[PDB]
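Trainee: turn this into a structure:
(one chain, ligands or ions: 1)
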Amino acid sequence: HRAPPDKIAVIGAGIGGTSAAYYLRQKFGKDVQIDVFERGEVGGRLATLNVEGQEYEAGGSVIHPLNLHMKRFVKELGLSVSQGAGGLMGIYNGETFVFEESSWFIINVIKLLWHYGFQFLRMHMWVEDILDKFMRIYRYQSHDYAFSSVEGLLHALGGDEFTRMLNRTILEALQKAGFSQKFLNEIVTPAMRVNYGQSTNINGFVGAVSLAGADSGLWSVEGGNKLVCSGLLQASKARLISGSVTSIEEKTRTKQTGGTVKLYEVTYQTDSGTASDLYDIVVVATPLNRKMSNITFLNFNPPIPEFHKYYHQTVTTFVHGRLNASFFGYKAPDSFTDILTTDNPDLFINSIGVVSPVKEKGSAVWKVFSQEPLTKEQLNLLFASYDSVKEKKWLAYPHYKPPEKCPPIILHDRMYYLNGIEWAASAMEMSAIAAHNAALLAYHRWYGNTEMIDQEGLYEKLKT
Ligand SMILES: Cc1cc2nc3c(=O)[nH]c(=O)nc-3n(C[C@H](O)[C@H](O)[C@H](O)COP(=O)(O)OP(=O)(O)OC[C@H]3O[C@@H](n4cnc5c(N)ncnc54)[C@H](O)[C@@H]3O)c2cc1C
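Mentor: Numbers count the residues shown, from 1 in each chain. The structure is reproduced below:
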């Protein structure tokens, strides 16, 4: 038994930050002060963007059914789900379509059998086994077990298989599993491009998450994914502070009872000028690039270990206007919503797809993933006409460079960093798992419940 903490800072009003605030509240009780910093708008990558009067998801867009944190949250917050359908889908290689979906599902079955055989089925079954192991996390989190390291977490779910996938490229992985060069370049690679704007040179684990994201049932939050952030924030009853955190420094206190412990001074800038406050615990729920969150770490002993890592640029470009169906090879096209690309370096886009707005109400609204800002020439070559154009540059996810070691969860004595998780998978639910885990870990670390940390073979014992 020990003194419960007075103040906790959470840096970042992301889905990660606000999820932390929520779970912290659940572990430390109503008493503890929780402050969430946000230099920008709540939601971070779950922003929207106004296009001819309506809001569209510009960052985090869809949510899988096995995203239980987001499911439980939308339920608890009483938000509505925009579980819509989609449309038609094709893969372009820079000459023609290696594959196009038909209106008859049986046609599609036939096409995919001829072109790929059972590889469609076999990937499914390989992915299910990965997912199935991964779902163990919920049971462990519902029983409050924590993990000090993204690797250790994965190990606890899938054992060595999962830690080896992290160090493998999803290409290596699927070749070792006997998937064909054809299927890898025609199916798998486009999926990587659309999802993570990178090729099959990304973490096997990320990649398998990616491939479940072609599973069906998908949905989004009606009104914006970013509502989930503000909704949790409210429901956690944390104090939201608009300011760009600049610096974080250890100090020593003096508990009335002659204490001598280590606090963290967080300095942040606002309109008015500089301001600061002292915290017993810190959770960083933003990436630690100097381009993404300029926090300086002062007088630490020992120094925070190396989270130095780089994210990948993806530009979401929205266009109200009609496509150039002839730029993909149609001439007189009888009658055609999403185009994915193969890894052809003559292409300048990752994907291009008609979108619906967040609210629920040709020449329509399109969404273009590109590595770089689209030039006038490329917009013109892309669309016949366009009334309006909107574009956000998004350090969106890691530049997965396997083999590599995920950034720590523990930066210091009582300072935790959840965005390490991205290097296993960048997704909404992944931020939620990390936040949950980060909260548990901090709690167990504060109260010294070492029986609850880094416990292996949990699933067996927890299994009936
Ligand atoms: C283009 C795109 C598409 C995506 N599509 C999907 C998808 O289809 N499905 C899915 O599940 N996920 C998707 N994601 C991921 C989704 O956005 C998740 O939210 C993501 O894993 C975490 O992003 P975040 O900013 O919400 O969280 P975090 O990165 O954990 O939160 C970062 C927060 O910290 C704040 N911050 C930064 N610096 C400071 C500072 N100095 N002081 C205070 N606050 C600071 C930021 O403003 C932000 O709010 C997508 C992301 C992008 C960019």
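Trainee: near the ligand, which residues of the stretch 251-400 of the chain?
Mentor: 285, 286, 287, 293, 295, 314, 316, 394, 396 (Cβ under 6 Å from any ligand atom). All C-beta spots, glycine's among them, are computed from the backbone N, C-alpha and C.
Trainee: phi, psi of the closest residue to the last one other than its chain neighbours?
Mentor: So the one you mean is residue 396. Excluding its sequence neighbours, the residue lying closest to residue 396 (Cβ to Cβ, 6 or more residues apart in numbering) is residue 314, at 4.3 Å. Residue 314 has phi and psi values of phi -140, psi 130 when expressed as degrees, to the nearest 10.
Trainee: gap between residue 274 and residue 243?
Mentor: For residue 274, the distance to residue 243 (Cβ to Cβ, to the nearest Å) stands at 9 Å.
Trainee: shared neighbours of these two, anything?
Mentor: Common contacts of residue 274 and residue 243, defined by Cβ atoms under 8 Å, 6 or more residues apart in numbering, comprise residue 268.
Trainee: the more surrounded of the two?
Mentor: residue 243 (18 against 11; other Cβ atoms under 10 Å).
Trainee: wait, doesn't the more buried one sit right on residue 39?
Mentor: Yes - with contacts counted by Cβ atoms under 8 Å, residue 243 reaches residue 39, the gap being 6.4 Å.
Trainee: quick revisit: pretty sure the residue nearest to residue 396 is touching residue 367, no?
Mentor: No - checked against Cβ under 8 Å, the pair residue 314 and residue 367 is beyond contact range at 11.3 Å.
Trainee: hmm, back to that, run a quick neighbour tally on the residue nearest to residue 396.
Mentor: Neighbour tally, residue 314, other Cβ under 10 Å: 21.
Trainee: going forward, begin numbering at 110 instead of 1
Mentor: Noted, 110 is the first residue going forward, which turns the last one into residue 423.
Trainee: contacts only, for it.
Mentor: Counting by Cβ under 8 Å, 6+ apart, residue 423 has contacts 306, 459, 478, 479, 480, 503, 505, 506.
Trainee: and of those, the nearest to residue 408?
Mentor: residue 506 (32.0 Å; Cβ to Cβ).
Trainee: tell me the spacing between that closest one and residue 170.
Mentor: 13 Å.
Trainee: with neighbour numbers in mind, choose between the two.
Mentor: Neighbours were counted for residue 506 and for residue 170 using other Cβ under 10 Å; residue 506 has more, 22 against 18.
Trainee: that one sits in which helix or strand?
Mentor: Residue 506 is located in strand 492-507, with elements delineated by DSSP states H and E.
Trainee: from the chain's centre, how far out does that strand sit?
Mentor: On the basis of Cα atoms, centre = their mean, to the nearest Å, strand 492-507 sits 19 Å off its chain's mean C-alpha point.
Trainee: can you list the buried residues in that strand?
Mentor: 492, 495, 498, 499, 500, 503, 504, 505, 506, 507 (16 or more other Cβ atoms under 10 Å).
Trainee: and what of stretch 146-164?
Mentor: Under 16+ other Cβ under 10 Å, the buried positions of stretch 146-164 are 146-148, 151-158, 160, 164.
Trainee: still on that earlier bit, helix or strand next in line after the strand holding residue 506, which one?
Mentor: Immediately after strand 492-507, counting by DSSP H and E, sits strand 519-521.
Trainee: max-length helix in the protein?
Mentor: Longest helix in the chain, counting residues (DSSP state H): helix 537-556.
Trainee: what packs against the helix or strand following it?
Mentor: Sequence order places helix 567-571 as the next helix or strand after helix 537-556, per DSSP H and E. The criterion is 3 or more Cβ pairs under 8 Å, 6 or more residues apart in numbering; DSSP states H and E, and the helices and strands that helix 567-571 contacts are helix 245-251, helix 259-267.
Trainee: got TSV for those helices, with distance to the ligand too?
Mentor: Putting these into TSV (distance: least, Cβ to the nearest ligand atom, whole Å) gives the following:
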stretch	distance to the ligand
helix 245-251	15
helix 259-267	14
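Trainee: not counting sequence-adjacent ones, nearest residue to residue 369?
Mentor: Using Cβ to Cβ, 6+ apart, the nearest residue to residue 369 is residue 361, at 6.0 Å.
Trainee: can you name the residue of the stretch 160-309 of the chain nearest the ligand?
Mentor: Residue of the stretch 160-309 of the chain nearest the ligand, by Cβ to the nearest ligand atom: residue 169 (2.8 Å).
Trainee: buried sites along stretch 163-179?
Mentor: So stretch 163-179, judged by 16+ other Cβ under 10 Å, has buried residues 164-173, 175-179.
Trainee: for it, what is the distance to the chain centroid?
Mentor: On Cα atoms, centre = their mean, the centre of stretch 163-179 falls 10 Å from that of its chain.
Trainee: now do the same contact list for residue 445.
Mentor: 197, 434.
Trainee: measure it to the ligand for me?
Mentor: Separation of residue 445 from the ligand (Cβ to the nearest ligand atom, to the nearest Å) stands at 23 Å.
Trainee: now swap in residue 450 and tell me
Mentor: Counting by Cβ to the nearest ligand atom - residue 450 and the ligand are separated by 16 Å.
Trainee: likewise for residue 114?
Mentor: 20 Å.
Trainee: OK, contacts around the nearest residue to that residue once chain neighbours are set aside?
Mentor: Sequence neighbours aside, residue 389 is the residue nearest to residue 114 in space, at 3.8 Å (criterion: Cβ to Cβ, 6+ apart). Going by Cβ under 8 Å, 6+ apart, residue 389 touches 114, 115, 116, 117, 372, 373, 523.
Trainee: among those residues, which are located in strands?
Mentor: Counting by DSSP state E, the part of the contacts of residue 389 found in strands is 116, 117, 372, 373.
Trainee: could you give me the buried positions within the helix or strand where residue 218 lies?
Mentor: Using DSSP H and E, the element containing residue 218 is helix 214-225. Buried residues in helix 214-225, counted by 16+ other Cβ under 10 Å: 217, 221, 224, 225.
Trainee: do the same with stretch 402-419
Mentor: 402, 404, 406, 409, 413, 416, 418.
Trainee: from those residues, which is closest to the ligand?
Mentor: Distances from the ligand to those, taken by Cβ to the nearest ligand atom, are shortest for residue 402, at 3.4 Å.
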